[PDB]
Structure formats: structure tokens, C-alpha cells
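The chain is numbered in sequence order, starting from 1.
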Amino acid sequence: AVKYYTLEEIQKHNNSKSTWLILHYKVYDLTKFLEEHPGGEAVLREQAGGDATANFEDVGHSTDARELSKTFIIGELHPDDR
Ligand code: HEM
């Protein structure tokens, strides 16, 4: 099965308690990854609650980075909001 979230729900997760963002229609919970991110936590908090796909691809993340990102997926963006 798969859990779907709306943009309205995702937008709420951008505080000190929770940080979610969207990448390629998938929802990632990066709350506990903030301090481990090689690119820093500031670049993640700025995109929190929205779609960061372009910025993610813009810096050109490596294969290892993409493989690791999969562990943070909690669902997908609801089809109606795509
Ligand atoms: C899905 C979560 C993400 C993971 C697992 C992740 C992981 C990493 C890793 C492992 C690196 C080191 C270089 C590499 O291996 O490519 C990196 C660098 C970087 N990341 Fe991310 N990243 C994520 C999301 C993002 C997002 C959404 C942004 C921007 C909006 C971002 C901005 C950067 C920046 C600025 C660097 C530095 C690149 C450089 O110095 O060339 N990352 N990230």
C-alpha cells in the first residue's frame, strides 16, 4: 500500500519539531537528517514544507546520496495535487 499526503498537510511540517519536503512526488521526513546533511541544515529548512526537486537536481546529488534518501520516504504527493 501507499500513503498519500496533500500539499496542505505537508506545508505544516516546517518547524523545529518536523521537517518534510517533496522530491519527485515523494514525501521525505528529514527531521533527523538535518544535522547529518553534508550540505548543511539551512538549505533543507529553507525548502521545508514544499517541493525542492529542482534545487535538489540543481546541485546534482550523487548516486550514494540518492540511494540514502530512500530511507526517509514516508509517502507520496496526492495525485490531485500533482
Ligand atoms: C533527500 C535528502 C537528501 C539527501 C539524502 C542528501 C544528501 C547529500 C549528500 C550525501 C551530499 C554530499 C554530495 C553527494 O553525495 O551528492 C549532499 C550535498 C549537498 N546537498 Fe543534499 N541531500 C538531500 C537533500 C538536499 C536538498 C533538498 C537540497 C537543497 C534544497 C540539498 C542541498 C545540498 C547541497 C548544497 C550540497 C553541497 C553540494 C556541493 O558542495 O557540491 N540536499 N547532500
Side-chain angles (χ1 to χ4, degrees):
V2 49
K3 196 164 181 177
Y4 289 125
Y5 296 89
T6 61
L7 289 168
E8 180 178 54
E9 303 179 68
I10 298 163
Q11 152 186 81
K12 296 185 174 184
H13 296 269
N14 64 339
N15 53 47
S16 69
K17 182 176 171 164
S18 181
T19 293
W20 291 8
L21 45 75
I22 306 174
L23 294 175
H24 298 286
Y25 298 139
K26 284 183 208 179
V27 185
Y28 299 73
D29 183 341
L30 303 184
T31 306
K32 302 171 161 185
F33 180 68
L34 298 187
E35 282 181 46
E36 298 295 339
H37 182 230
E41 53 172 304
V43 68
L44 298 181
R45 288 179 178 290
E46 288 177 353
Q47 297 297 308
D51 194 319
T53 307
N55 311 77
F56 180 80
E57 293 302 340
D58 220 64
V59 311
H61 284 79
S62 64
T63 298
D64 287 320
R66 296 166 186 275
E67 280 293 352
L68 174 66
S69 73
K70 294 181 175 181
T71 71
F72 301 114
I73 297 177
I74 59 168
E76 288 177 34
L77 181 61
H78 191 297
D80 287 331
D81 277 338
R82 303 186 184 186

Worksheet item: Among all residues two or more places apart in sequence or in another chain, which pass the side-chain contact (heavy atoms from CB on, under 4.5 Å) test with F72?
Response: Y28, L30, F33, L68
Worksheet item: Are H24 and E57 close enough that some pair of their side-chain heavy atoms sits under 4.5 Å apart?
Response: yes
Fill in: Exercise: identify the closest heavy-atom pair between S18 and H13
OG-ND1, 2.9 Å
Worksheet item: Taking a hydrophobic cluster as the set of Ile, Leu, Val, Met, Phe, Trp and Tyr residues connected by side-chain heavy atoms closer than 4.5 Å, whether directly or through intermediates, do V43 and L23 fall within one such cluster?
Response: yes
Worksheet item: Is there a path from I73 to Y5 through hydrophobic residues (I, L, V, M, F, W, Y) whose side chains come within less than 4.5 Å of each other?
Response: no
Worksheet item: Hey, is the main chain of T6 close enough, under 3.5 Å, to the side chain of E9 for a donor-acceptor pair?
Response: yes
Worksheet entry | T31 side chain to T19 backbone, donor-acceptor under 3.5 Å | yes
Worksheet item: Just checking, any donor-acceptor pair under 3.5 angstrom between side chains of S62 and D64?
Response: no
Worksheet item: Going by the side-chain hydrogen bond (donor to acceptor under 3.5 Å, both in side chains) test, which pairs reach into residues 72-82, not counting sequence neighbours?
Response: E76-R82
Practice prompt. Return yes when atom OH of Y4 has more than 12 non-hydrogen atoms of other residues, nucleotides or ligands closer than 6.0 Å, and no otherwise.
Written response: yes
Worksheet item: Could you state the interatomic distance from CG (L44) to CD (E35), rounded to the nearest 0.5 Å?
Response: 11.5 Å
Discussion item. To the nearest 0.5 Å, what is the distance between CG on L21 and CG on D29?
Written reply: 9.0 Å
Worksheet entry | Any donor-acceptor N/O pair, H61 side chain to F56 backbone, under 3.5 Å | yes
Worksheet item: Roughly how far, to the nearest 0.5 Å, is CG of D51 from CG of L7?
Response: 8.5 Å
